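Quick notes on the structure that follows.
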Amino acid sequence: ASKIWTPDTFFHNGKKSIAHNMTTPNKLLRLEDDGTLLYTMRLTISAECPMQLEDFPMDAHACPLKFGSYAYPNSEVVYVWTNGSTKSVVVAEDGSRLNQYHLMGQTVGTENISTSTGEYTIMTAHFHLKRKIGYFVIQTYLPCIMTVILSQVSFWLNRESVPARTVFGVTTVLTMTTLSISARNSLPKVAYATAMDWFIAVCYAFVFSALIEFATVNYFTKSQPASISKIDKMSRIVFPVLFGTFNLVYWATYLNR
Amino acid sequence: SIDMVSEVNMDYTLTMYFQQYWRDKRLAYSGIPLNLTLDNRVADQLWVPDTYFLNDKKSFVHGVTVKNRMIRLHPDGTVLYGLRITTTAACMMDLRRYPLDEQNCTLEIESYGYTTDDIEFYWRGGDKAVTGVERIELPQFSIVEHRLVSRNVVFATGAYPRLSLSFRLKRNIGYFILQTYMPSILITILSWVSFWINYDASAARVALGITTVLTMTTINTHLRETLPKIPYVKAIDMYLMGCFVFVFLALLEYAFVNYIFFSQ
Amino acid sequence: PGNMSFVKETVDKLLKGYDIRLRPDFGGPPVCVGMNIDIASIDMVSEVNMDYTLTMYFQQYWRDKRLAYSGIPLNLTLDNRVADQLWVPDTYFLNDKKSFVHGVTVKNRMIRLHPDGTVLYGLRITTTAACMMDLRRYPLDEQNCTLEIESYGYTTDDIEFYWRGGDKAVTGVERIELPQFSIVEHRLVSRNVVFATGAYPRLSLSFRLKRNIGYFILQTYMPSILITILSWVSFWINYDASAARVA
Amino acid sequence: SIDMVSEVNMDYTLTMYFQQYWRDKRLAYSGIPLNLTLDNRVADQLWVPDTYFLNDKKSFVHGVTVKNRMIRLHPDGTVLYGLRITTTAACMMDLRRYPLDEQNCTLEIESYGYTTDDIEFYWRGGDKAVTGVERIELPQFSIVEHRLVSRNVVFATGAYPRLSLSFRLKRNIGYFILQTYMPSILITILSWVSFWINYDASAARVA
Amino acid sequence: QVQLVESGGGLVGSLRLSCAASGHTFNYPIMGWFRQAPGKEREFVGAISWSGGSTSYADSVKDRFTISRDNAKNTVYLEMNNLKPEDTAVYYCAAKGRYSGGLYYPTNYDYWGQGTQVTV
Amino acid sequence: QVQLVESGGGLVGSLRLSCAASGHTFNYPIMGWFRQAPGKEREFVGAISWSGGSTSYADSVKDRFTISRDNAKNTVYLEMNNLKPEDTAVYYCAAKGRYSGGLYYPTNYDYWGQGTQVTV
Amino acid sequence: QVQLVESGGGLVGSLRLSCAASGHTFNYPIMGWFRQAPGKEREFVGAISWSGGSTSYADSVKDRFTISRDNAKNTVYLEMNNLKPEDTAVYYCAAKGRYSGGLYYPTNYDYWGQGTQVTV
Ligand SMILES: *[C@@H]1O[C@H](CO)[C@@H](O[C@@H]2O[C@H](CO)[C@@H](O[C@@H]3O[C@H](CO[C@H]4O[C@H](CO)[C@@H](O)[C@H](O[C@H]5O[C@H](CO)[C@@H](O)[C@H](O)[C@@H]5O)[C@@H]4O)[C@@H](O)[C@H](O[C@H]4O[C@H](CO)[C@@H](O)[C@H](O)[C@@H]4O)[C@@H]3O)[C@H](O)[C@H]2NC(C)=O)[C@H](O)[C@H]1NC(C)=O
Ligand SMILES: *[C@@H]1O[C@H](CO)[C@@H](O[C@@H]2O[C@H](CO)[C@@H](O[C@@H]3O[C@H](CO[C@H]4O[C@H](CO)[C@@H](O)[C@H](O[C@H]5O[C@H](CO)[C@@H](O)[C@H](O)[C@@H]5O)[C@@H]4O)[C@@H](O)[C@H](O[C@H]4O[C@H](CO)[C@@H](O)[C@H](O)[C@@H]4O)[C@@H]3O)[C@H](O)[C@H]2NC(C)=O)[C@H](O)[C@H]1NC(C)=O
Ligand SMILES: *[C@@H]1O[C@H](CO)[C@@H](O[C@@H]2O[C@H](CO)[C@@H](O[C@@H]3O[C@H](CO)[C@@H](O)[C@H](O)[C@@H]3O)[C@H](O)[C@H]2NC(C)=O)[C@H](O)[C@H]1NC(C)=O
Ligand SMILES: *[C@@H]1O[C@H](CO)[C@@H](O[C@@H]2O[C@H](CO)[C@@H](O[C@@H]3O[C@H](CO)[C@@H](O)[C@H](O)[C@@H]3O)[C@H](O)[C@H]2NC(C)=O)[C@H](O)[C@H]1NC(C)=O
Ligand SMILES: *[C@@H]1O[C@H](CO)[C@@H](O[C@@H]2O[C@H](CO)[C@@H](O[C@@H]3O[C@H](CO)[C@@H](O)[C@H](O)[C@@H]3O)[C@H](O)[C@H]2NC(C)=O)[C@H](O)[C@H]1NC(C)=O
Ligand SMILES: *[C@@H]1O[C@H](CO)[C@@H](O[C@@H]2O[C@H](CO)[C@@H](O)[C@H](O)[C@H]2NC(C)=O)[C@H](O)[C@H]1NC(C)=O
């Protein structure tokens with residue numbers, strides 16, 4: 001292959017790649033009677049994939065793979081899918097090496113582009129991905145829901161048990177703070193709030209409102225002694241109901257989005 | 001040796017002496033009774049098989065002093081070609097049983113350029129073709145068995161010979177007993193101290209129960225950073241969620257008794 | 001029909017007798033190397049490492065009389081191995097920390113000749129470059145740091161650099177996107193620098209970065225404020241409950 | 001630049017332009033008054049000294065767009081050879097006075113193959129021979145002083161020429177005040193609040 | 001940009017000069033002092049670095065002069081001793097960029113002061 | 001060093017041989033059994049690895065004999081199931097270094113037991 | 001500079017030599033002992049590592065002399081035990097840098113002691 005001419009195909013998205021080189025280069029070269037060449041190689045490609053994270057744990061993406069000639073322009077070298085578009089990119093049935101993503105499929109096409117060194121023809125393949133929500137349910141959502149419910153149980157303790165109510169509120173607020181801190185490790189430093197950020201913020205609001213409820217009842221039991229117990233009796237049902245409706249809206253939203 | 005096995009990477013690192021053996025009628029020589037052994041640099045002057053590892057992620061031939069290769073010729077022209085290789089190979093793992101799991105990691109050997117019409121692979125000595133399995137010393141796993149296979153694999157460009165080397169790895173549970181399960185049990189037992197504290201010491205009851213719940217949540221969240229974020233419940237996840245249910249009901253219990261005592 | 005042999009012998013005639021060692025017009029006036037950069041993307045920008053990683057198409061133009069040809073009207077593109085058979089400038093990035101030319105299938109080089117002897121030489125490069133940051137105002141800061149392009153061996157009397165196309169010489173920078181930062185402005189500068197070994201040409205490419213404040217609001221200020229407000233709840237808890245007030 | 005000094009690995013990372021001068025009468029030429037600045041690829045066709053760094057943990061010569069080397073031949077046969085090198089070098093540190101310590105890192109330069117009977121090293125320009133010490137941007141340290149050494153060091157295989165460059169570092173105490181001592185002092189101060197809470201509040205004073 | 005304002009010139013012995021700086025000084029970490037005697041080319045005198053404190057001098061003024069800085073006031077001070085007539089000249093204060101070349105060559109300095117005179 | 005002592009010898013059927021090891025066995029992860037008789041070279045029989053449990057057997061005893069271990073007692077056992085007349089030999093217990101060569105070669109074993117004669 | 005001093009020399013048998021060090025000895029981790037009889041070259045004797053404790057000897061004194069140290073006192077001691085008439089010489093206590101070459105060559109040692117005498 002070093003003696004023959006071969007196309008200079010390169011991948012536009014490639015951040016870092018390996019042409020496997022173990023036990024002789026992993027390259028295949030066959031030459032037909034009529035001069036047709038067939039030339040094949042094994043590659044590992046780390047490809048730059050842009051993607052939007054507004055729906056972080058419930059998102060779907062299409063990572064591109066773009067490749068074409070590096071030096072030879074549109075008027076010299078052109079690429080064509082060998083067996084037609086649909087039949088030209090084949091995925092191994094056992095090739096799903098994905099942990100948290102499910103590859104929904106792929107679509108392939110072609111483009112012309114214009115560059116400072118002339119026109120070029122690009123082959124394109126987009127792999128459609130949909131994230132599997134199961135991990136984040138047990139890692140973030142159940143902890144948040146359990147914390148929100150764990151704050152509301154303090155409404156069944158008698159109003160005069162100040163230290164107990166105080167420690168419930170404080171500890172649950174700390175739980176939410178640490179959950180918020182840890183959730184940020186799962187993503188790059190995106191400069192906008194994701195869906196899981198909305199959920200964490202709303203659960204935090206419920207937790208902090210549970211603390212504020214105790215603060216209010218403790219204030220009024222001293223300031224104006226009583227009927228103030230109806231605050232407990234109301235919150236004791238209102239908070240569960242409002243959190244439930246919050247969930248019925250949130251999940252109804254992002255499972256249909 | 002098998003150097004390390006990683007769930008987060010879904011791979012393992014294997015170091016091996018890899019050898020190949022074939023006739024080349026062009027290299028037959030006469031008048032010399034010896035098996036000629038030559039400097040390894042002859043390897044760049046001879047034809048050698050295009051053998052490669054299909055599931056290899058990253059590998060290299062060792063190169064200290066001089067590249068670790070060997071060629072030994074014999075009068076009839078048979079060539080013995082050997083390499084020392086370190087390879088990091090993919091091994092997708094089913095962790096639903098983790099850490100009580102066992103895994104079938106394999107190395108897939110194949111000829112890249114030549115089809116079955118040009119190359120044939122076979123294990124020299126059959127089942128005795130692979131040795132050194134006795135000197136693998138993984139902390140996490142004990143090798144229950146290893147198995148050798150031979151096949152033809154078909155692609156759009158032709159049918160190619162394959163050889164496969166497999167290991168059955170079964171994990172050692174003692175580490176997890178000492179580090180994870182026993183602390184979870186102890187924290188769960190710590191919850192039951194609540195029922196011995198008098199029911200009017202509300203601050204102590206609440207502090208102990210909420211501390212138990214918080215510690216259990218931290219135990220839950222710490223572990224999953226050490227292993228891939230795979231989207232299903234593992235054995236240890238079910239265990240820890242059950243323990244969470246117990247310690248949570250062990251605080252809903254205090255809520256019940258306090259409500260019955262002070263209010264109803 | 002006969003063009004193949006004609007162009008083969010043309011190229012052989014060009015290379016036969018060609019000396020790699022000598023720059024164009026050696027001993028004569030300096031060679032003018034015009035440069036273009038097409039920014040592919042800017043990878044992570046790191047405060048902790050005080051650097052940023054950049055990926056780009058990097059192109060250089062110069063004229064070498066030794067490579068002029070007349071029989072073929074084409075702008076002649078040649079296999080990239082020719083670059084090892086030609087003189088090419090020793091441009092290097094003075095502030096880089098770790099960098100490499102891409103080799104996904106073949107090393108990403110480009111050689112295109114023209115009848116008048118002008119050579120177009122292109123590379124695709126990923127480079128990690130030092131980028132010092134004034135953190136006195138972080139996270140409300142804006143940072144300026146550059147890519148420094150210089151010739152390693154030849155002084156200004158042997159090579160001259162210039163931005164080919166003036167302020168239009170760089171592209172892509174107007175389109176890249178970063179999580180933390182947004183490109184406010186980019187400037188192209190050319191000058192020379194003096195050492196004891198002589199005066200050397202330089203081109204400098206600069207980016208000015210404005211930080212996106214949202215992420216730091218989410219990370220830092222929200223929990224700090226809300227822990228602070230949490231403490232004020234003490235002022236409403238009855239002042240006979242020492243346990244709660246202290247806890 | 002010195003990119004970083006690390007105690008966890010007892011090393012520092014250094015980048016430099018390394019220059020070498022020697023006379024090779026075989027390369028003397030006449031008829032050209034100019035200095036022949038040849039393409040760096042000539043260096044592979046000439047004899048060059050085997051200089052190496054004793055205490056480097058690893059090093060590499062920058063290579064993008066060309067291997068970063070310089071060759072310049074003077075008519076009398078003098079060769080100027082230089083290349084840009086990034087080295088990670090070992091530096092044992094005495095941490096017994098950690099926040100207020102003063103470390104002494106060095107770079108030791110020696111010929112790998114030729115002994116004193118074949119090669120001699122010297123600093124071209126004496127104490128002027130090293131520059132760029134003014135542009136070290138270390139946050140943790142500051143260059144108090146540097147000075148240069150030359151000596152012959154003897155092994156069983158013979159006596160070898162050696163040069164060494166040394167840096168005396170003084171640590172910037174500012175970071176450790178904010179992130180170890182202010183927390184320590186404040187927590188110690190906060191502990192005395194227990195003496196102001198009333199004695200009967202067992203829960204508060206213990207917590 | 002960056003602006004330099006000089007002070008301390010005039011007839012002298014020992015003396016001190018001052019050079020305050022304003023603007024985007026973070027991009028110009030080194031400040032250098034130069035001088036130009038009448039009818040002669042500009043000469044290097046010394047330099048100092050922001051936040052580094054390291055200094056270097058022309059061989060003719062080593063141990064005769066000294067240089068120091070105040071990084072909060074954003075000013076640099078140059079001190080002189082054993083003054084004699086060959087040192088008379090209009091002294092300058094200038095700033096160097098982070099990645100510009102060697103110190104001793106004024107071509108590398110982008111911003112310059114007023115050029116205070118000194119006499120004896 | 002490592003000391004080996006064996007038991008279970010004498011005239012024979014079915015039988016069990018045992019080997020007790022003491023000392024720095026961690027340097028010697030693999031224990032092997034060898035046998036010899038007059039007029040013949042020393043034969044490899046089988047091997048066991050401390051803490052791994054893996055075994056391999058010579059085809060002459062494959063599916064007849066088995067080797068096992070007790071890591072806490074530091075003992076290695078060879079189950080002489082279904083003996084045959086040709087098995088008459090002195091059986092030696094030996095230790096193999098971690099980086100010695102192949103199993104099947106006695107020269108790779110450093111410390112050797114006293115050996116038990118068996119008669120059949 | 002690191003400083004060295006010596007004591008204990010004289011006509012002895014068995015005997016003790018004492019050597020004391022001060023300064024930034026962390027730079028010079030290895031100490032050494034040397035000697036020369038009148039009219040002869042300076043012979044190597046032994047060496048000791050600060051905080052490591054490793055030692056090496058010249059075979060002419062192996063198993064007769066031993067070198068020891070005290071980190072707190074910053075002293076190194078050499079046991080002139082089992083003395084022989086061939087040992088009469090002035091003994092020098094010396095220090096060696098981290099990256100200097102072989103231990104057996106005096107040229108690699110920078111700071112030197114007084115050269116106390118021993119006689120028999
Ligand atoms: C890890 O996991 C991998 C993957 O699961 C395991 O690998 C498998 O190992 C088994 C052995 O345990 C392999 O089976 C053997 O394969 C060969 C080759 O068979 C192929 O080639 C034949 C020749 O062309 C062909 O006829 C075969 O097809 C016929 O037979 C199969 C039988 O399954 C049948 O399904 C077909 O319809 C055809 O009739 C096939 O293409 C073969 O030599 C072996 O045959 C032995 O066993 C059979 C049992 O019925 C017996 O009939 C024979 O007489 C003979 O004794 C045997 O089938 C299998 O190929 C491997 N699979 C893959 C994908 O690699 C591995 O074992 C695991 N390791 C560990 C340690 O757990
Ligand atoms: C990020 O940060 C970097 C570093 O701070 C910024 O880089 C700076 O960019 C500015 C432009 O925005 C540069 O200044 C320009 O430089 C050139 C070159 O000047 C040099 O070369 C000339 C010959 O080619 C020479 O004439 C110059 O000497 C004259 O000018 C100097 C400086 O004023 C003066 O002291 C002399 O006496 C001379 O008068 C000098 O050697 C220059 O062309 C630019 O315009 C000036 O000069 C021309 C004449 O040359 C004149 O017509 C114009 O009116 C104008 O006076 C201009 O000065 C600066 O050098 C860069 N700094 C460094 C260290 O390289 C970068 O801008 C920042 N980027 C962002 C995006 O924020
Ligand atoms: C992949 O494997 C190859 C082969 O083992 C590695 O070695 C490289 O092989 C080529 C020849 O195929 C060497 O070419 C050199 O070329 C010139 C003539 O052009 C000549 O001077 C030399 O004798 C030599 O043949 C090349 O030097 C060699 N490279 C190295 C670093 O040893 C190759 O490096 C492996 N990796 C990759 C990514 O290719
Ligand atoms: C050159 O190498 C070859 C091997 O490539 C050597 O030939 C081999 O020699 C051994 C003996 O040394 C033979 O082993 C015997 O084989 C049979 C089973 O086939 C068995 O009855 C015996 O127990 C014994 O093991 C072996 O068969 C023979 N051939 C092969 C393919 O291994 C040869 O001796 C070497 N020559 C020199 C001069 O070194
Ligand atoms: C081979 O490459 C050269 C590179 O210079 C090509 O030269 C091209 O020549 C044309 C005609 O002069 C230039 O057109 C420009 O167009 C605008 C008006 O549209 C005007 O502003 C300019 O005055 C100029 O004429 C063009 O810039 C120039 N370069 C390119 C990249 O097209 C030449 O055409 C090429 N030849 C072949 C056969 O491919
Ligand atoms: C990419 O560019 C090529 C340039 O050849 C285009 O091919 C031409 O397509 C038109 C119709 O759009 C035909 O009339 C021409 O005959 C084609 N030329 C050749 C040489 O084949 C091609 O259509 C472009 N493709 C896209 C997607 O823009």
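Residues in the structure tokens are named by chain (A, B, ... in the order shown) and by number from 1 within that chain; ligands are numbered from 1 in the order shown.
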
Hey, which residues sit close to ligand 6? Say within 8 Å, counting only C-alpha atoms and all ligand atoms, and write them as a PDB file with N, CA, C and O atoms, in the first residue's frame.
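Below is the file that was written, result-v2.pdb:
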ATOM      1  N   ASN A  74     -13.552  18.995  -5.096  1.00  0.00           N
ATOM      2  CA  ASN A  74     -14.740  18.395  -5.693  1.00  0.00           C
ATOM      3  C   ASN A  74     -14.515  18.000  -7.146  1.00  0.00           C
ATOM      4  O   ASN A  74     -15.121  17.038  -7.629  1.00  0.00           O
ATOM      5  N   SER A  75     -13.657  18.728  -7.859  1.00  0.00           N
ATOM      6  CA  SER A  75     -13.443  18.495  -9.281  1.00  0.00           C
ATOM      7  C   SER A  75     -12.421  17.403  -9.564  1.00  0.00           C
ATOM      8  O   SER A  75     -12.187  17.089 -10.736  1.00  0.00           O
ATOM      9  N   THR A 110     -24.938  12.879   1.837  1.00  0.00           N
ATOM     10  CA  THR A 110     -23.765  13.486   1.222  1.00  0.00           C
ATOM     11  C   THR A 110     -23.919  14.999   1.222  1.00  0.00           C
ATOM     12  O   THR A 110     -25.034  15.523   1.268  1.00  0.00           O
ATOM     13  N   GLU A 111     -22.786  15.700   1.174  1.00  0.00           N
ATOM     14  CA  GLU A 111     -22.782  17.155   1.103  1.00  0.00           C
ATOM     15  C   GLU A 111     -21.622  17.637   0.245  1.00  0.00           C
ATOM     16  O   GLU A 111     -20.561  17.011   0.198  1.00  0.00           O
ATOM     17  N   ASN A 112     -21.837  18.762  -0.432  1.00  0.00           N
ATOM     18  CA  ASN A 112     -20.743  19.591  -0.911  1.00  0.00           C
ATOM     19  C   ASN A 112     -20.463  20.683   0.111  1.00  0.00           C
ATOM     20  O   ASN A 112     -21.378  21.200   0.759  1.00  0.00           O
ATOM     21  N   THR A 121     -16.446  17.234  -1.369  1.00  0.00           N
ATOM     22  CA  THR A 121     -17.634  16.405  -1.208  1.00  0.00           C
ATOM     23  C   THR A 121     -17.497  15.586   0.067  1.00  0.00           C
ATOM     24  O   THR A 121     -16.491  14.895   0.262  1.00  0.00           O
TER      25      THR A 121
END

- Query: Excluding same-chain residues fewer than 6 positions from stretch 8-20 of chain G, what lies within 9 Å of it counting only C-alpha atoms, as a ChimeraX atom specification?
  - Reply: /G:73-84,90-91,93,113,115-120

Would you save the residues of that selection, restricted to C-alpha atoms, as an mmCIF file, in the first residue's frame?
data_model
loop_
_atom_site.group_PDB
_atom_site.id
_atom_site.type_symbol
_atom_site.label_atom_id
_atom_site.label_comp_id
_atom_site.auth_asym_id
_atom_site.auth_seq_id
_atom_site.Cartn_x
_atom_site.Cartn_y
_atom_site.Cartn_z
ATOM 1 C CA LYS G 73 22.845 14.864 66.198
ATOM 2 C CA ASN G 74 23.799 15.013 62.494
ATOM 3 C CA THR G 75 26.874 12.880 63.172
ATOM 4 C CA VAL G 76 28.365 9.852 61.426
ATOM 5 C CA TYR G 77 30.548 7.304 63.200
ATOM 6 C CA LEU G 78 33.017 4.704 61.921
ATOM 7 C CA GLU G 79 33.967 1.717 64.082
ATOM 8 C CA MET G 80 37.737 1.219 63.883
ATOM 9 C CA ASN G 81 37.208 -2.294 65.239
ATOM 10 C CA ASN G 82 39.565 -5.222 64.647
ATOM 11 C CA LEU G 83 42.289 -2.793 63.616
ATOM 12 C CA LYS G 84 45.297 -4.028 61.631
ATOM 13 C CA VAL G 90 44.727 9.960 58.106
ATOM 14 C CA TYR G 91 40.976 9.409 57.768
ATOM 15 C CA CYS G 93 35.040 12.404 56.628
ATOM 16 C CA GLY G 113 36.919 16.855 57.177
ATOM 17 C CA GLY G 115 41.819 14.151 58.415
ATOM 18 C CA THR G 116 42.246 12.716 61.906
ATOM 19 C CA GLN G 117 45.129 10.297 62.479
ATOM 20 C CA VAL G 118 45.108 6.678 63.641
ATOM 21 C CA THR G 119 48.255 4.764 64.591
ATOM 22 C CA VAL G 120 49.297 1.359 65.919
#

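If you count only C-alpha atoms and ignore residues fewer than 2 places along the chain from residue B:208, what sits within 10 Å of it is residues 190, 191, 192, 193, 194, 203, 204, 205, 206, 210, 211, 212, 213, 214 and 251 of chain B.
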
- Message: as a ChimeraX atom specification, please: every residue in chain F that a backbone DSSP assignment puts in strand (DSSP E).
- Response: /F:2-7,10-11,14-23,30-36,43-49,55-57,66-70,75-81,89-96,109-112,116-119

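Contacts with ligand 4 are defined as any residue atom within 6 Å of a ligand atom, using only C-alpha atoms and all ligand atoms; the residues meeting this criterion are residues 33, 34 and 35 of chain B.
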
- Contacts of residue A:67 at 9 Å (only C-alpha atoms; same-chain gap of 4+ positions) as a list in words: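 Everything that qualifies: residues 9, 10, 11, 12, 13, 121, 122, 123 and 124 of chain A.
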
- What's the 10 Å shell around residue D:92, counting only C-alpha atoms, without same-chain residues fewer than 6 positions away, as JSON, numbers by chain? {"D": [7, 9, 10, 11, 103, 104, 105, 106], "G": [26, 27, 98]}

For the residues in that selection, give me N, CA and C atoms as an mmCIF file, in the first residue's frame.
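Contents of out-v8.cif, freshly written:
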data_model
loop_
_atom_site.group_PDB
_atom_site.id
_atom_site.type_symbol
_atom_site.label_atom_id
_atom_site.label_comp_id
_atom_site.auth_asym_id
_atom_site.auth_seq_id
_atom_site.Cartn_x
_atom_site.Cartn_y
_atom_site.Cartn_z
ATOM 1 N N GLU D 7 4.708 18.433 44.623
ATOM 2 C CA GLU D 7 5.261 17.657 45.727
ATOM 3 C C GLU D 7 4.785 16.210 45.676
ATOM 4 N N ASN D 9 4.642 14.252 43.361
ATOM 5 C CA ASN D 9 5.518 13.459 42.505
ATOM 6 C C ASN D 9 6.981 13.874 42.612
ATOM 7 N N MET D 10 7.305 14.841 43.468
ATOM 8 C CA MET D 10 8.686 15.271 43.683
ATOM 9 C C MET D 10 9.372 15.595 42.355
ATOM 10 N N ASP D 11 8.742 16.467 41.570
ATOM 11 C CA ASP D 11 9.239 16.788 40.239
ATOM 12 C C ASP D 11 8.779 18.184 39.839
ATOM 13 N N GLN D 103 12.714 25.160 48.652
ATOM 14 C CA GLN D 103 13.197 24.003 47.914
ATOM 15 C C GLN D 103 14.282 24.396 46.919
ATOM 16 N N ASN D 104 15.058 23.385 46.508
ATOM 17 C CA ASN D 104 16.208 23.558 45.632
ATOM 18 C C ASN D 104 16.148 22.487 44.535
ATOM 19 N N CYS D 105 15.563 22.852 43.396
ATOM 20 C CA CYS D 105 15.538 21.974 42.233
ATOM 21 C C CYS D 105 16.706 22.284 41.303
ATOM 22 N N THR D 106 17.119 21.277 40.533
ATOM 23 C CA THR D 106 18.249 21.421 39.627
ATOM 24 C C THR D 106 17.976 20.660 38.340
ATOM 25 N N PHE G 26 20.361 17.971 53.615
ATOM 26 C CA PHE G 26 19.367 17.307 52.779
ATOM 27 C C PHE G 26 19.806 17.262 51.323
ATOM 28 N N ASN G 27 20.610 18.235 50.890
ATOM 29 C CA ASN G 27 21.104 18.227 49.519
ATOM 30 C C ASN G 27 22.167 17.157 49.311
ATOM 31 N N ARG G 98 23.520 14.492 45.745
ATOM 32 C CA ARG G 98 22.531 13.504 45.328
ATOM 33 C C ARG G 98 22.880 12.897 43.975
#

- Who sits within 9 Å of residue E:114, only C-alpha atoms, same chain under 4 positions skipped, as a list in words: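 Result of the neighbour search: residues 4, 5, 6, 7, 91, 92 and 93 of chain E.
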
- Cut-off 9 Å, only C-alpha atoms and all ligand atoms, neighbours of ligand 2 as a PyMOL selection string: (chain C and resi 143-146+184-192+203-209) or (chain E and resi 1+24-28+96-100+107-112)

- Measure the distance from atom CA of residue B:82 to atom CA of residue B:105 in Å and round it to one decimal.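 Atom CA of residue B:82 sits 23.6 Å away from atom CA of residue B:105.
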
- Item | Surrounding residues of stretch 53-66 of chain B excluding itself and chain neighbours under 2 positions, 10 Å, only C-alpha atoms, as JSON, numbers by chain | {"A": [18, 20, 21, 22, 23, 26, 42, 44], "B": [11, 12, 13, 14, 15, 40, 41, 51, 68, 69, 83, 84, 85, 86, 87, 88, 89, 90, 91, 106, 107, 108, 109, 110, 111, 112, 162, 163, 164]}

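DSSP, applied to the backbone of this structure, assigns helix (DSSP H, G or I) to the following residues of stretch 57-190 of chain C: residues 65, 66, 67, 80, 81, 82, 83, 84, 85, 135, 136, 137, 166, 167 and 168 of chain C.
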